[PDB]
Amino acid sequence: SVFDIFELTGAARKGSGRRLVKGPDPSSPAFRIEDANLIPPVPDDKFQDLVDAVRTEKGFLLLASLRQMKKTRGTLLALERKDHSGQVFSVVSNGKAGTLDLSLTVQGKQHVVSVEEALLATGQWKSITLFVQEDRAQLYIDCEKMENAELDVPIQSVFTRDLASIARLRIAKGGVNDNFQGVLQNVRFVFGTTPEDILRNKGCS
């Protein structure tokens, strides 16, 4: 039901691309990104569980706590092709535009949609709940107004059957200048749950 990416990448060893620090959740590890390129990709087999879950739910619920450097574009997660030709999907906290950008590449064509009024790039802690189902995206920042956006294709369109054999899930690393600058905590894919339930359990209402 829950997929904690940092947990899936393995142990945060010395020279692993990240440094253990403190986060809003005191009973869970936080990681300051030092060199995203060094953070290992999620293992193929574990990513396959994610793909299958996404295909079944026709989407997903993505949770993330982030402390991002102001006015920077930071990739939260990305699915990079193994052949190095590019990314098939990515979620970027765009601090320059004040948006959360969702990029999907299907059949060679890249579609990018921005979730407006979403500035998460403040030197302080923010929490997001991203609910994507079909071609619909809903973003909740902490306990604020829900932000919405429509994708050009359904999300399962990206999560093809043999996706884990041609792509790999990377955390904090995206485009050339888009590696996440700051701290991340509890970046997770949650299934069989709704954003409504997670918001209450978080203390909102």
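When you see a residue number, it is the position in the sequence shown, counting from 1. Rigid core (definition): largest C-alpha set, two forms, superposition within 1.5 Å.
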Rigid core fitted first, then name the stretch among 175 to 183 and 56 to 64 whose C-alphas deviate most from the displayed form in 5 other deposited structures of this protein. 175 to 183
Should one compare 42 to 50 and 139 to 147 by root mean square Cα distance from the shown form in 5 other deposited structures of this protein, core superposed, the larger belongs to 139 to 147
Could you check the entry and say whether 106 to 114 or 74 to 82 has the higher mean CA B-factor? 106 to 114
Output the stretch having the higher mean C-alpha B factor in the entry; the candidates are 26 to 34 and 46 to 54. 26 to 34
Selection by C-alpha B-factor (highest) of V176, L63, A172, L169: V176
Give the position of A121 by CA B-factor within its chain, expressed as the lowest, middle or highest third. highest
Which third of the chain does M69 land in by C-alpha B-factor: lowest, middle or highest? highest
Here the Cα B-factor of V190, set against its chain, lands in the third termed middle
Relative to the other modelled residues of the same chain, rank the CA B-factor of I141 and answer lowest, middle or highest third. middle
